[PDB]
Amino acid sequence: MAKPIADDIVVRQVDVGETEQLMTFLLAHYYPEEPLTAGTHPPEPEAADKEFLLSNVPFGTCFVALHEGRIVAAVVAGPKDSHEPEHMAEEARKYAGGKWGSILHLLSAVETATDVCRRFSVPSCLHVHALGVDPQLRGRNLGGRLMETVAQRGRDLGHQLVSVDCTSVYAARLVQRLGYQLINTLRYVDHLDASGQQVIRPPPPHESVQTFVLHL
């Protein structure tokens, strides 16, 4: 139920009843800086974006770090299988024209390219959809501890693989030191929509989305 990872930080599982405080934290410290969100307009995520993240909570695969009764970091993960490339591609279509559509446009291209259940001959993968740390607590292994917690949850659940799309260079550096394997790089300047326009325009130093996997 509770994993002390410092003297004052506790890692807890998110319950289906406590999602508002998780979304408040994400809206403050995940979405404004996450490169796909920051690289598309308007700045704030669409309802369908926020609702998709929260739809992972029933899986028991979402975790927060608590300091003095408050969320200071969070990770949102959920399962996927070999249907995910077809599903994401049709979801990207459904929302084409808006912000969530643009985000899905990129993420679907990456999912199709990586296709990790077919790639590594595994029946399923635990995919990390969001990772955020309060800026005042960054550099203190909170991202790492949350990722390790997802990996252990993945092990209990029988998953043989964890995947994550590091849209941020800081997340790429984190999972590199956790020993993840880089399997795909897509530079944002290389990803166009059908009209030939760059879909995602995030601030430097975020130049690419780098997808990593960890074998469990």
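The first residue of the shown sequence is 1; numbering continues from there.
Between the stretches 207-215 and 3-11, it is 3-11 that shows the larger average CA temperature factor. When the two stretches 54-62 and 36-44 are set side by side, the higher mean Cα temperature factor goes to 36-44. Looking only at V116, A130, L126, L137, the residue with the top Cα B factor in the deposited structure is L137. Split the chain's modelled residues into thirds by C-alpha temperature factor. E86 is in the highest one. In the deposited entry, the Cα temperature factor of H105 places it in the middle third of its chain's modelled residues. Among the modelled residues of its chain, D165 has a C-alpha B-factor that falls in the lowest third, as given in the PDB entry. Sort the modelled residues of the chain by CA B factor and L192 lands in the lowest third. When the CA B factors of the chain's modelled residues are split into thirds, the value for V75 lands in the lowest one.
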